[PDB]
Structures are given as structure tokens and as C-alpha cells.
Ligand SMILES: Cc1ccnc(-n2ccnc2)c1-c1cccc2c(CCCOc3cccc4ccccc34)c(C(=O)O)n(CC(=O)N3CCNCC3)c12
Ligand SMILES: OC[C@H]1O[C@H](O[C@H]2[C@H](O)[C@@H](O)[C@@H](O)O[C@@H]2CO)[C@H](O)[C@@H](O)[C@@H]1O
């Protein structure tokens, strides 16, 4: 599928892709290999679907948070730089691109949101979020506004949400512990909704609108990353970059991202990509080429970062980064981001209340792990005859009651559909972990076809248990957990919006009560 003898690269439209293409030209001048740089819309969504079919770019650029999902899906090639190259980058940047013990990408730069303010409108930036309403009122009398930033991406709103105690996954990570719906998160989002209620912000303000307003000098402040600095320079706005405002006396905690370059598992040009990334991009001159297009932030390369660190704007970036947290790269990050995105937009527009919106975001973020906990335990206890003695953990009553519901209803299905299941089992012929990996396509084909209800979900899991008993019987018990993860993946991927609308596994319990 992917063409040999050339390099195709994907990077976001807000990054210095003209600078990157110029690095690609130097690579072409040396090697005779053409390098095509593209910046397609929603590439972070497009990549996992096209790469799965063996297609897509040789190299994909994104923040490290999305890269665990890719690797888990077998979409990323394991990268193996020698010691000499590894020592040229900061170790913690390597940490951000490590997944299950393996390095799955090259770290490029460290990104953190900062407060960007117009020094001509606002000689001193506000230290607190609380004082911004009164500041806006003051600025409105001059035909200006205080603050405008992207409200369509939760990335920009998260620092405020996390300030008073809101969090994604509790940190060792406890993935079952999601704090998107606690008091702190409610406090942060409410303050944002109130800003909109009191005409201090507009719910439909996106990236382009916020950037245009600041760079034209219509609003005193914005919230953005280093990549935005270029266009602000062009606009000749007397701007400064500083620490984010505190909320309730506590610092804003932005999720910190490490711009990373991954190599497609289906790429026939893995050696070319490695050569490009190591010996052309991750150099003083290579990063400078991109940085001069759009600023990268604090780059992973020590030799170049030592120079950039002298920039007050970089100092402000790293200060904000220190008060924030490095994003997790667990596969669930995509689901978390989608849930929180919807929650922020819905609360901002009044479609839901803060309590309602964050409630759904909680259910959406927990959905995979909670589903896995239930499906894994059912499959394993059915196969072995004995239950799991371990505590259910967070949201334990839900998991426990769902499992008990599943036991009652699942056993009925397996009983009544026994002959049908045995016929299906024989046709699939499942005898090792290799065969279990093949099931994903067949499973998705049958399940996603037709209507949606709890009954089909029970059938899905019950046949999974039926297969699990077969796997155990033929001494393939090690294949049960991969099967459980596979089924769980299919379920939450295909019925994500439906499950959330049913209030998750609580809905399942109530439905069969
Ligand atoms: C129970 C039944 C009766 C008649 N035809 C059937 N069957 C259908 C296709 N293959 C077998 C089935 C049937 C057999 C096995 C599973 C299902 C499912 C769940 C969706 C896919 O489940 C899996 C497929 C392949 C491997 C799997 C490994 C582990 C766990 C699940 C696996 C359904 C369903 O989605 O409702 N059905 C019923 C079904 O799809 N029908 C087709 C339309 N008319 C009613 C029956 C399962
Ligand atoms: O808004 C959710 C989004 O946040 C992050 O995306 C950032 C990205 O890290 C930055 O480099 C820049 O492009 O802004 C983006 C926000 O629009 C996460 O990396 C991403 O996974 C997540 O969906």
C-alpha cells in the first residue's frame, strides 16, 4: 500500500510544516528521496483508521498522548536509537514516548499553554481568573474584551478545570479512578460557563476567531501554545507570554504535550524515516528550520534547547509546564478527550448543565476500563469455574452489580443458544492467540450490523464466555484476556455514544433488574 522510495509525513496545520518540508528538501538533496509533508484535517483521527489498513503516512506527528493507542493497535514501528543519539535528548522526553517498555516515537518538543496578553491593553496580566470579569467590564468600556481562547477543544479549557482538583486519571496511574466529575472540575467549568453567562466570553469562539481577535488587538488576552507566536509576531502586537491565572488560589494545570514523530508499522521506508528523523530533523539546524516557521516550544534536543531556554517566552512555557502534568499515553486518552470535549461544548452552549455534562464525561472516560473489568471477570470465571476474589476498585458497586446481572442474563443466553454457539465456535476454529487477533474483523462485522440494544451486547459477551470455556478446555487459557480486551474494544468503539446515553453499565443493571 504505502509507496517505497519516498517519505510521506503528517503534521498538524498549526505546526511549522513549511519549515519541516524545507528539512525534507535537504534530505532529498543528500539522498534523492522526495519528502512530501501534508497537514490534513483531523489527522489524529484519520491516521488510526488508514494505518490499520496498511495505508497512511510513513511518519505521523502529534503530541505523545495519542501514541499509546496507535502502538496498542500495532500501528507504530518500534524505534531503536543507539545510546549516542538517545543521550542527545532529555530523558523525560523519551519517557513520554515509552509504551509497555518500548519506545514508539521520537520526541521533538515540549508544549505547554501559556497566558498571552497584549501589553498595550494590559501592562500587567491578571494573576487570578477571579479578577477577569471586572477586568473585562473595564475593557468593554474601551470597546475591548479581556480574554478570548478556543472553546471547541478541551485542551485549552483543561488547565482551569484541573486547577481546583479536577483530573483525568489519578496518578502510578489508577485508570479506574477518573476525576472529571469531582468538585474541583465542577468549580472550574462553572467559572467558565459563568464567564459566558455574564457576556465575558462567547461559547462559539474557536481557534481562528480567538487568534484573529487577539492579533488584531480586539481582546487583551488569549491562551495558546508556542506555535501561535509566529502569527502574533507578524501582527506586530506588543505581546507577552506569562504564567496562567490561578483559580481559587491554585495554579492552572495544563496537560503538557510532547510533539512526537512516529513511524508507521506498515511503512516500507522505516530506515529512511529513522535516517530523516535522527540525522536531519533532530539536529540544531533541522529544529531551527521548523522553529523559525512555527515555534516548537522547549525542544527535546539538549544542544538546541540550551539556546532557546534563554527566551523569556520559553521560560514562561516551562513554568506553566511545571505547574501542569505530562499527559498519559494510555489508549483511553482519545476517549477521555472526546468525552471532555463534548462536556465543555455542551456546558458552554447551555445544552447541558455543568453537573450533567461532566457526569457524561465521567461515564465516557471510565467506559473502557469498567467494561473490561466486567467482561474479563465474566469470561475468566466462566472458563475456570471460580470467580475473581480481587476488589472491584472505583465504581465497584456498578461493576459488581453489572457482573451479577451479566451472570443471570448471560447464563440464560448461553443455555438457550447452546447449539447455535457450538455451530459458530466450530466455524471460527479458534485454537491460539493468533486466531483471537483475527476475530476482531468478524466480531465487528456481525455486531455493528443491525440495531442496538443490551440484548445484543449480552450475546456478544456470552459467546465470548462460550469461547473462553473452549480456550481453557484446550489449554489456551492465556488467550482469554486478549479475547476479553478484543471484545471490550469492539463494544466501546462501536457503541460509545449509545452506551453513554444509557448511563453506561448502570443502565444495563436497571434494564434487567
Ligand atoms: C446467537 C446467534 C444465532 C444465529 N446466528 C448467529 N450468528 C450471526 C452471525 N454469526 C452467527 C448468532 C450469533 C453467534 C455468535 C455471536 C453473535 C452475536 C454477537 C456479535 C459478534 O460476536 C462474535 C462474532 C465472532 C467472534 C466472536 C468472539 C467472541 C465474542 C463474540 C464474537 C450476535 C448479535 O450481534 O446479535 N449474534 C446474532 C446475529 O448476529 N444474528 C444475525 C441476524 N439475525 C439474528 C442472528 C450472534
Ligand atoms: O483538545 C483535545 C486535544 O488536546 C491536545 O491537542 C493539542 C495538541 O497537543 C497541540 O499540539 C495543539 O495542536 O493543540 C491541540 C488542541 O487543539 C491533545 O494532544 C489531543 O490528543 C487532544 O485531542
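Heads up, the Cβs are rebuilt from the backbone with ideal geometry, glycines too, and the neighbour counts pull from every protein chain shown. Every read-out reported here was derived from the displayed coordinates using simple, explicitly stated rules and does not represent laboratory data.
Return the distance in nm (one decimal) between the two label points of a simple spin-label model at residue 356 and residue 419, each offset 7 Å from Cα along Cα→Cβ.
4.9
Using the count of nearby Cβ atoms within 10 Å as a rough guide to exposure, how do 70, 280 rank from fewest to most?
The order, fewest Cβ neighbours first, is 280, 70.
For residue 498 and residue 95, what is the calculated FRET efficiency with R₀ set at 25 Å and r taken between the beta-carbons, to the nearest 0.05?
Values: r = 37 Å, r/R0 = 1.46.
So, using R0 = 25 Å, E works out to roughly 0.10.
What residues from segment 410-429 fall in the zone where the backbone N is under 12 Å from a label point 7 Å along the Cα-to-C-beta line of residue 454?
Counting backbone N atoms under 12 Å from the label point, the list is 410.
Distance between Cα centroids, segment 22-53 to segment 433-464: provide it in whole Å.
Cα centroid to Cα centroid, the span is 35 Å.
Can you give the calculated 222 nm mean residue ellipticity of the chain, where each DSSP H run of n ≥ 4 adds -39,500 (n - 2.57) and the sum is split over every residue, rounded to the nearest 500 deg cm²/dmol? Please report the intermediate quantities before stating the final value.
Numbers: 23 runs with 269 residues, N = 513.
After summing the helix terms and dividing by residue count, I get -16000 deg cm²/dmol.
Could you tell me how far the Cα centroid of segment 466-491 sits from the Cα centroid of segment 324-340, in Å?
Cα centroid to Cα centroid, the span is 27 Å.
Say each of residue 141 and residue 275 gets a label point 7 Å from the Cα, pointing the same way as Cα to Cβ; how far apart are those two points in nm?
Going by the 7 Å Cα→Cβ label model, 6.7 nm.
Which of the peptides 109-117, 35-43 is most tightly packed, and how do the rest follow, judged by the mean count of other Cβ atoms within 10 Å per residue?
On the way: 109-117: 25.6, 35-43: 15.3.
So the peptides 109-117, 35-43, ranked by packing, come out 109-117, 35-43.
Classify segment 174-246: rounded, prolate or oblate, from the alpha-carbon gyration tensor (a ≥ b ≥ c, eigenvalue square roots; a/c under 1.5 rounded; otherwise prolate if a/b is larger than b/c)?
Details: a/c = 2.62, a/b = 1.74, b/c = 1.51.
Note, shape of segment 174-246 comes out prolate.
Can you say what percent of the DSSP beta bridges in the chain, counting only those with both residues inside, are antiparallel? Round to 5. List each step's numbers first, then the result.
Values: 28 of 39 bridges.
Here the share of antiparallel DSSP bridges comes out near 70 percent.
Would you mind pulling out the separation of the Cα centroids of segment 226-275 and segment 128-162, in Å?
Measuring centre to centre over Cα atoms gives 21 Å.
Could you tell me whether segment 5-123 comes out rounded, prolate or oblate from its Cα gyration tensor? Rule is a ≥ b ≥ c as square roots of the eigenvalues, rounded for a/c under 1.5, then prolate if a/b exceeds b/c, otherwise oblate. If you can, show how the numbers build up before the last one.
Values: a/c = 1.44, a/b = 1.27, b/c = 1.13.
Note, shape of segment 5-123 comes out rounded.
Could you check the spin-label model distance between residue 315 and residue 477? Points 7 Å from the Cα along Cα→Cβ, value in nm.
According to this spin-label approximation, the distance is 6.2 nm.
Note the full-extension length gain between residue 325 and residue 292 as 0.36 nm times their separation in residues minus their Cα-Cα distance, in nm to one decimal. Each step should come with its number before you reach the end.
Numbers: separation 33, 0.36 × 33 = 11.88 nm, distance 2.69 nm.
That pair, residue 325 and residue 292, stretches by 9.2 nm at full extension.
Going highest first, how would you order 77-89, 378-390 by mean Cβ packing within 10 Å? Before the final figure, lay out each step's value.
Numbers: 77-89: 13.5, 378-390: 15.4.
Order by mean packing, descending: 378-390, 77-89.
Let a ≥ b ≥ c be the square roots of the eigenvalues of the Cα gyration tensor of the chain; is it rounded (a/c under 1.5), or, if not, prolate (a/b larger than b/c) or oblate?
Details: a/c = 2.41, a/b = 1.38, b/c = 1.75.
Here the chain falls in the oblate category.
If r is the Cβ-Cβ distance from residue 437 to residue 235 and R0 is 35 Å, what FRET efficiency results, to the nearest 0.05? Display every interim value, and only then the final one.
On the way: r = 52 Å, r/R0 = 1.49.
That gives a FRET efficiency of 0.10.
Multiply the residue separation of residue 444 and residue 513 by 0.36 nm, subtract the distance between their alpha-carbon atoms, and state the gained length in nm to one decimal.
Working: separation 69, 0.36 × 69 = 24.84 nm, distance 2.81 nm.
That pair, residue 444 and residue 513, stretches by 22.0 nm at full extension.
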